[PDB]
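Chemist: Got an experimental structure here, sequence first:
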Amino acid sequence: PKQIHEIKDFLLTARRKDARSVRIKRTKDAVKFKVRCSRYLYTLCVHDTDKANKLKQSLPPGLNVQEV
Amino acid sequence: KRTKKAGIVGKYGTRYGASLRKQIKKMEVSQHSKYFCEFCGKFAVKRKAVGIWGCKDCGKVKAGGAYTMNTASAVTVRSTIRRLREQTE
Amino acid sequence: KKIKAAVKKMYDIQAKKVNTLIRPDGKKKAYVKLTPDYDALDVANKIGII
Amino acid sequence: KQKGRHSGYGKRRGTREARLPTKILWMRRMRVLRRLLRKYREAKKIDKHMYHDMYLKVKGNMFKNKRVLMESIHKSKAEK
Amino acid sequence: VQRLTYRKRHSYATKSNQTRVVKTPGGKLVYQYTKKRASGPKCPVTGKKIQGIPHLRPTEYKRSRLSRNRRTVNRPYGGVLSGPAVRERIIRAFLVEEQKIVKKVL
Amino acid sequence: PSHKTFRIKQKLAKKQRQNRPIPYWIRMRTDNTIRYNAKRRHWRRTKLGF
Amino acid sequence: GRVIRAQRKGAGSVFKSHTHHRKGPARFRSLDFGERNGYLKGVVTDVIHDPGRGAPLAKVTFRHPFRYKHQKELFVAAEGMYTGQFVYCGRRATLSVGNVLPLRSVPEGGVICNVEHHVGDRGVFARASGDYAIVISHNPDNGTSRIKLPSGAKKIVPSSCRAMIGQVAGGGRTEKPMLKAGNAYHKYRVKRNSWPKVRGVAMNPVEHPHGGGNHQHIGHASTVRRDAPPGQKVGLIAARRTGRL
RNA sequence: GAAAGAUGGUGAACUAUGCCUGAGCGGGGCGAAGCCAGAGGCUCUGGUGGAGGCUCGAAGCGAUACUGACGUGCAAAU
RNA sequence: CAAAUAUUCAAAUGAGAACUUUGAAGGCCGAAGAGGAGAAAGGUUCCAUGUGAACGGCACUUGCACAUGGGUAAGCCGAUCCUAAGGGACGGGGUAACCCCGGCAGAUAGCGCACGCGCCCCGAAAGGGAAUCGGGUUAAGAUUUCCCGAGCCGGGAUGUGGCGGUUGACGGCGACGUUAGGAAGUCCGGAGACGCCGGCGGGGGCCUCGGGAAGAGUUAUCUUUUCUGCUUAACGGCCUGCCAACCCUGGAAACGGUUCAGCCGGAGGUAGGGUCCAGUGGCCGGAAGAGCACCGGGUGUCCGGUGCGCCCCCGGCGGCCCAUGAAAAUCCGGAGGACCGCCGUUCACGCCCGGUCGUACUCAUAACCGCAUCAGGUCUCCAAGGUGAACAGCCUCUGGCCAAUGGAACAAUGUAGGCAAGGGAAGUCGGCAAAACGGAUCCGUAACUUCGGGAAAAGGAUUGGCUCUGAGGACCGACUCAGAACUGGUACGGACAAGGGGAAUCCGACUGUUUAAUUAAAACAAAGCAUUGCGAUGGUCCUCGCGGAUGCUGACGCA
Ligand SMILES: [K+]
Ligand SMILES: [K+]
Ligand SMILES: [K+]
Ligand SMILES: [K+]
Ligand SMILES: [K+]
Ligand SMILES: [K+]
Ligand SMILES: [K+]
Ligand SMILES: [K+]
Ligand SMILES: [K+]
Ligand SMILES: [K+]
Ligand SMILES: [K+]
Ligand SMILES: [K+]
Ligand SMILES: [K+]
Ligand SMILES: [K+]
Ligand SMILES: [Mg+2]
Ligand SMILES: [Mg+2]
Ligand SMILES: [Mg+2]
Ligand SMILES: [Mg+2]
Ligand SMILES: [Mg+2]
Ligand SMILES: [Mg+2]
Ligand SMILES: [Mg+2]
Ligand SMILES: [Mg+2]
Ligand SMILES: [Mg+2]
Ligand SMILES: [Mg+2]
Ligand SMILES: [Mg+2]
Ligand SMILES: [Mg+2]
Ligand SMILES: [Mg+2]
Ligand SMILES: [Mg+2]
Ligand SMILES: [Mg+2]
Ligand SMILES: [Mg+2]
Ligand SMILES: [Mg+2]
Ligand SMILES: [Mg+2]
Ligand SMILES: [Mg+2]
Ligand SMILES: [Mg+2]
Ligand SMILES: [Mg+2]
Ligand SMILES: [Mg+2]
Ligand SMILES: [Mg+2]
Ligand SMILES: [Mg+2]
Ligand SMILES: [Mg+2]
Ligand SMILES: [Mg+2]
Ligand SMILES: [Mg+2]
Ligand SMILES: [Mg+2]
Ligand SMILES: [Mg+2]
Ligand SMILES: [Mg+2]
Ligand SMILES: [Mg+2]
Ligand SMILES: [Mg+2]
Ligand SMILES: [Mg+2]
Ligand SMILES: [Mg+2]
Ligand SMILES: [Mg+2]
Ligand SMILES: [Mg+2]
Ligand SMILES: [Mg+2]
Ligand SMILES: [Mg+2]
Ligand SMILES: [Mg+2]
Ligand SMILES: [Mg+2]
Ligand SMILES: [Mg+2]
Ligand SMILES: [Mg+2]
Ligand SMILES: [Mg+2]
Ligand SMILES: [Mg+2]
Ligand SMILES: [Mg+2]
Ligand SMILES: [Mg+2]
Ligand SMILES: [Mg+2]
Ligand SMILES: [Mg+2]
Ligand SMILES: [Mg+2]
Ligand SMILES: [Mg+2]
Ligand SMILES: [Mg+2]
Ligand SMILES: [Mg+2]
Ligand SMILES: [Mg+2]
Ligand SMILES: [Mg+2]
Ligand SMILES: [Mg+2]
């Protein structure tokens, strides 16, 4: 497993062809976005409520999205 | 202190006879002594094995006597070899 | 390798993996897991074991 | 036990060395006294000549604890 | 106190069977098998350690398993000779070569 | 042991099959003299030296 | 009777030498053109211990005369040799301790070790620690040389035989008392299965000619013919004299 | 109905010894060299240090005495 | 039918219960176990259901018996690969043949890119070694094979992006750093890769003290109390950076730095500033969604302290040797630069694949051997609290057990274990057996001596509980050691544990060894002493023969 820091790098990874699904995990602190790729699971931590929503709406329409 | 005559040989206790302990004393002392290194100029040469004498700091290793760095005949042989070499010329 | 090729030529199904063992009675037993989109219960009905 | 009960001669089965080794006591004394000497060389309470002389006297078993060592330092500096 | 067992069929405390105790998220203690301590690269003329390279088992240095910066040092005789050894060889190579010319002239 | 050669396991499988009671209908045959197996072995007695 | 212990050693079953941790044969480099006509320089890289051998060995590296290769040698170290020292082998090598020379190049009185008996032997004489041979005289007509061996015997060798200059390192080893059966046990543990020796008088007659009796005694002269059969040849063999002079 | 003799074979899973490669042996007592300081002029005093086919002893290994028990034994040696 | 402390009550089932099952109680093993798992060996003994007889030396409803079925899943665990001591073996040699010989060298049977080079196999499930983790799941498996999730290794094809062309990258004085960043034959180095002993330091786990919250126990009295739990894997990124090692500046006597011990410095110390190294270290991802504990979906999964503590691993010193303590496969690095341009790329991401055999169970007072379900024998890992010097003995927790035919009664004689007034070896071949001594602290200790010992010589005194006091530290704490008062039926190493001492003679120097199953010794060995042979065309020895051991040896050696 690997962590992603900036939002844009998560955007390109979720747009990868080998990306299969995105899991959204809600914690009491932040919101974790996990995209399952071929070799690694990439996790990005969003500490902002609206940035989580903007990320949710701006995801690629072709990728599956799951709520955890 | 701690002993009047035994010295290093007191590790053997009362065993083996007084004459044998006195015999081994000189070689026990000499083989555990620190010798002068002609290459670097320090008293850092220690016996690594019988005949092998290595300096701690400069790292030179030298073939010498069994229980002393230079045997008496080694000095005599070197002088004979040196005199033969010069007189050969 | 021969096992997964055999199940394909016999039942027209695709095996994801094959685990084999030799039983204490001396025979060989194969565990053939089918790929998703193949339903073993349907295959079991066609063969006749259910 | 902390108050000191049950610690008389009728309760001791090992030797004094087997209970608290003399080497452990000596190691604690050196570390305590060498730390104090280093603490005084820094902060300039003593100079390097005094420190070296006291370091060899500590190894020579001249001071049995801290209070003896500080008193010796004060008396040594009392010269002028 | 949660005594432990070996997890494979090696029953003897050999150097290749060394274990460590770890706590799992299951709240228990299990054995994990470690790797034997390995020397790193060594210098043949000084005997000292070669700086800049980790101390691994020989097959952990494999190219597919280790990055190139970790494997090498950027100097002639990089992972083979230390800096002091390389300086001495350069100076010896040049100074003896000058002596060869002086022998030729004289 | 748990660690077995294949050839040892194959022989152990055959010996497992061979120590069964004789079928009951064998005793009903026309000219039958067989009473019991005469070759049953129990593991605790009569070890097979392999 | 039964086969005696002296006879059983020739089968070499449990009496073979213990050589599992030995560093290799110690000997000169094979004689070649460069040594036969000039000199070749090698450098001493290590002075190491060889189990079962009193004398230290010297690891020496040469450059191959015609191949692009290193040539690593290992012979008995003369006293005074050291790591990083240049040694020279051949006809034109200087008379210095650690150098390998033909006997023709060593004047009368020289101290030598690892002396060849045949030209190209790689060293046969004076190899144990502290031992050496002395050059006595030279014969230019026959091309032979006279040397004195450590046992005192004179020997005639070809003048082309090679020897190292100096005496073998590690001398004085046997002047130290062993003091313990255990020290003797460790000495012979890395040599051979020979150390704890049982006296023949302490045996039964089936095992030894000295065995038997109601007192421990040989019962016949311990001096024995040179031509006695094995099993019979025990004691002092072909002795010209006995006793302490 | 011998004690034997001979021919040709099988065993070092017990035990004997050599070799290779592994594994193992609490806690105490005594306190050798080397080293520090003090006093004297190398000696004395106090420390430090931790040697030895040293010692009391746990595991292990062994087997002295009761000539104990048993002696158709738990056991052809416990 | 008596070793290994031990059973009792109620109920159930059943024709039948001292022996089966459940619950309760009383006990034992006491963590170098009667606990939890392996290697050999066994081979179905493993699990379920059922029960005619036999068997389980009494019994059984019951089973390690019997009958019928079921059960062992791997690219990552092993074997497999490599070599060790060693074994076999082509040609050749010997031999009537069976067969016995491997260094005796025989066109060595082939390897890279015509050209170039050229010094067999077997043998380790404890040696070396590609790569896995956590959680879940069965009647029986998986202590890493199945499921969930998350990785890794090896191999093979292929792009997309990046990177280099001063053809083969930058930065740093330097140690060295950065995910990339030419290259053939040839050559060189390292890792693999190594003994024993003693301190010291570090990390992980465990033990231990406190706080908080959750639940449980006790509760006539007391107890902010006693108990339980409060977790975080491989793998990836960033940080940190021990103890050593290294670099730059500078130039030291009034020498300094420094360890428990050492030791270090003009061959450059102290000091100042840095590089690297390893971690089973920290944070984040994995990952709270899991697991656990509570309450009926919900809550919580937190904060500190301490150490000559115990186990494992690591680091770094010291000591010891007439002892110097494997090899190979495999992997990495380097020297050189023939050759080459739209071609190079050890980079990231992406695609495909991963064979065969073992895997259940026991591992022992019942699964192995001893004719047996035999008090014997049989290699390992883990290992808690108290007392205490302590893996001693004794008691306890986890886990496991009450299986060793049962009942009645206490004769002689036994066996095992005790006590005994007065005497104290008078007993007996003989103090055999038993008793006495025993820990710790203080005092004190002879002859003799190889000066090291003898020595714990001998001989005396003390020891409980309680209430205090003093000393010894770090940046608030832990044990130790001294001192005092009081006090008890003078008892106090209160059980346990734990030398009897002295004066001499004989033998053997000592430590070691030995007649497995009647002799442990004065016997054997041993260091020391002495003698003999031998310079290799040799001595000693083996072999039918050919040949071989000493010998990887050379008189400080071999015999
Ligand atoms: K590097
Ligand atoms: K015979
Ligand atoms: K022997
Ligand atoms: K003897
Ligand atoms: K006789
Ligand atoms: K496999
Ligand atoms: K192996
Ligand atoms: K090894
Ligand atoms: K791993
Ligand atoms: K299994
Ligand atoms: K048994
Ligand atoms: K009675
Ligand atoms: K008497
Ligand atoms: K010979
Ligand atoms: Mg202690
Ligand atoms: Mg059996
Ligand atoms: Mg048979
Ligand atoms: Mg006899
Ligand atoms: Mg005879
Ligand atoms: Mg007859
Ligand atoms: Mg006859
Ligand atoms: Mg054997
Ligand atoms: Mg001391
Ligand atoms: Mg001893
Ligand atoms: Mg003893
Ligand atoms: Mg007797
Ligand atoms: Mg008896
Ligand atoms: Mg009887
Ligand atoms: Mg009986
Ligand atoms: Mg019973
Ligand atoms: Mg008990
Ligand atoms: Mg108990
Ligand atoms: Mg079990
Ligand atoms: Mg069962
Ligand atoms: Mg019965
Ligand atoms: Mg059955
Ligand atoms: Mg399989
Ligand atoms: Mg594996
Ligand atoms: Mg091979
Ligand atoms: Mg071999
Ligand atoms: Mg042949
Ligand atoms: Mg093999
Ligand atoms: Mg292995
Ligand atoms: Mg299981
Ligand atoms: Mg020691
Ligand atoms: Mg500095
Ligand atoms: Mg996390
Ligand atoms: Mg949860
Ligand atoms: Mg342990
Ligand atoms: Mg290059
Ligand atoms: Mg243990
Ligand atoms: Mg205590
Ligand atoms: Mg205990
Ligand atoms: Mg019984
Ligand atoms: Mg009875
Ligand atoms: Mg009485
Ligand atoms: Mg009396
Ligand atoms: Mg009498
Ligand atoms: Mg009488
Ligand atoms: Mg009498
Ligand atoms: Mg007695
Ligand atoms: Mg006495
Ligand atoms: Mg007399
Ligand atoms: Mg004796
Ligand atoms: Mg003895
Ligand atoms: Mg014996
Ligand atoms: Mg006997
Ligand atoms: Mg006896
Ligand atoms: Mg004598």
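Modeler: Arrived safely. Residues are numbered from 1 along each chain as shown, chains lettered A, B, ... in the order given. Ligands and ions are numbered 1, 2, ... in the order given.
Chemist: State the distance from the closest residue to ligand 5 within chain B to chain E.
Modeler: Proximity of chain B to ligand 5 (CB to the ion) peaks at residue B:17, 31.5 Å away. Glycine gets a C-beta too; all of them are placed from N, C-alpha and C. Distance from residue B:17 to chain E, counting by CB to the nearest CB, to the nearest Å: 43 Å.
Chemist: burial measure for that residue, as a count.
Modeler: By other CB atoms under 10 Å in any protein chain shown, 12 other residues sit near residue B:17.
Chemist: how close does it sit to residue B:23?
Modeler: Note on residue B:17: its distance to residue B:23, by CB to CB, to the nearest Å, is 9 Å.
Chemist: same question, residue E:89
Modeler: Taking CB to CB as the measure, residue E:89 falls 49 Å from residue B:23.
Chemist: In terms of packing, which of these two has more residues around it?
Modeler: The residue with more neighbours, out of residue E:89 and residue B:23 and counting by other CB under 10 Å, is residue B:23; that gives 17 against 14.
Chemist: In a strand, the more buried one, correct?
Modeler: No. Counting by DSSP: H, G, I helix; E, B strand; the rest coil, residue B:23 is not part of a strand but helix.
Chemist: which one is residue G:148 nearest to, not counting chain neighbours?
Modeler: With sequence-adjacent residues excluded and distances taken as CB to CB, 6 or more residues apart in numbering or on different chains, residue G:148 is closest to residue G:134, at 4.2 Å.
Chemist: For the strand or helix carrying the one you found, buried residues please.
Modeler: Per DSSP states H and E, residue G:134 falls inside strand G:133-139. Buried residues in strand G:133-139, defined by neighbour count with 16 or more other CB atoms under 10 Å in any protein chain shown: G:133, G:134, G:135.
Chemist: can you check stretch G:28-42 too?
Modeler: G:28, G:29, G:31, G:34, G:35, G:39, G:40, G:42.
Chemist: would you list those in JSON lines and tack on distance to ligand 5 and secondary structure?
Modeler: Listed next are the buried residues of stretch G:28-42 as JSON lines, based on distance: CB to the ion, whole Å; DSSP: H, G, I helix; E, B strand; the rest coil:
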{"residue": "G:28", "distance to ligand 5": "50", "secondary structure": "coil"}
{"residue": "G:29", "distance to ligand 5": "54", "secondary structure": "coil"}
{"residue": "G:31", "distance to ligand 5": "54", "secondary structure": "coil"}
{"residue": "G:34", "distance to ligand 5": "63", "secondary structure": "helix"}
{"residue": "G:35", "distance to ligand 5": "58", "secondary structure": "helix"}
{"residue": "G:39", "distance to ligand 5": "63", "secondary structure": "coil"}
{"residue": "G:40", "distance to ligand 5": "61", "secondary structure": "strand"}
{"residue": "G:42", "distance to ligand 5": "58", "secondary structure": "strand"}
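Chemist: what's the farthest-apart pair in the residues you listed?
Modeler: Spanning the widest gap among the buried residues of stretch G:28-42 are G:31 and G:42, at 14.7 Å by CB to CB.
Chemist: Okay, the residue in chain G that ligand 15 sits nearest to and residue G:195: tell me how far apart.
Modeler: Among all residues of chain G, residue G:182 sits closest to ligand 15, at 30.8 Å; criterion: CB to the ion. Separation of residue G:182 from residue G:195 (CB to CB): 11 Å.
Chemist: Now the most centrally placed residue in chain B. Nearest residue, chain neighbours left out?
Modeler: Geometric centre of chain B, nearest residue: residue B:68, 1.5 Å, by CA atoms, centre = their mean. Distances taken as CB to CB, 6+ apart put residue B:30 closest to residue B:68, at 4.7 Å, once the chain neighbours are dropped.
Chemist: Report how many residues lie close to whichever residue of chain A sits closest to chain C.
Modeler: At 13.6 Å from chain C, residue A:20 is the closest residue in chain A, using CB to the nearest CB. As a burial measure, residue A:20 scores 12 neighbours (other CB under 10 Å).
Chemist: hmm, back to that, so the residue nearest to residue G:148 is in contact with residue G:113, correct?
Modeler: No. Here residue G:134 lies out of contact with residue G:113, judged by CB atoms under 8 Å, at a distance of 10.7 Å.
Chemist: Residues in contact with the helix or strand containing residue D:68: which ones?
Modeler: Element membership of residue D:68, judged by DSSP H and E, is helix D:66-77. In this structure, residues lying in contact with helix D:66-77 by CB atoms under 8 Å, 6 or more residues apart in numbering or on different chains are D:32-33, D:36-37, D:40, D:45-46, D:50, D:54, D:57-58, D:62-63.
Chemist: again, only using 7 Å
Modeler: D:32, D:33, D:36, D:40, D:46, D:50, D:54, D:63 (CB atoms under 7 Å, 6 or more residues apart in numbering or on different chains).
Chemist: So is that helix next to RNA strand I?
Modeler: Yes. Contact of helix D:66-77 with RNA strand I (CB under 7 Å from any atom of the strand) involves D:66, D:67.
Chemist: Check whether that helix comes near RNA strand H.
Modeler: No. Against RNA strand H, helix D:66-77 shows no contacts by CB under 7 Å from any atom of the strand, the least distance being 11.4 Å.
Chemist: Just the C-alpha atoms of that helix, please, in PDB.
Modeler: Extracted in PDB, the C-alpha atoms of helix D:66-77 (Å, rounded to 0.1, in the frame of the first residue of the first chain):
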ATOM      1  CA  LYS D  66      29.900  13.000  45.200                       C
ATOM      2  CA  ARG D  67      30.100  15.000  48.400                       C
ATOM      3  CA  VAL D  68      33.700  14.000  49.000                       C
ATOM      4  CA  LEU D  69      34.700  14.900  45.400                       C
ATOM      5  CA  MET D  70      33.100  18.400  45.500                       C
ATOM      6  CA  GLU D  71      34.800  19.200  48.800                       C
ATOM      7  CA  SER D  72      38.100  18.200  47.400                       C
ATOM      8  CA  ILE D  73      37.500  20.400  44.400                       C
ATOM      9  CA  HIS D  74      36.600  23.400  46.600                       C
ATOM     10  CA  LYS D  75      39.700  22.800  48.800                       C
ATOM     11  CA  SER D  76      41.900  22.400  45.700                       C
ATOM     12  CA  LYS D  77      40.700  25.700  44.400                       C
END
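Chemist: What are the boundaries of the strands in chain F?
Modeler: Assigned by DSSP state E, chain F shows no strands.
Chemist: For it, which residue gets nearest to chain E?
Modeler: residue F:2 (7.3 Å).
Chemist: How about that residue: what's its closest non-neighbour residue?
Modeler: Leaving aside its sequence neighbours, residue F:2 sits nearest to residue E:9 (CB to CB, 6+ apart; 7.3 Å).
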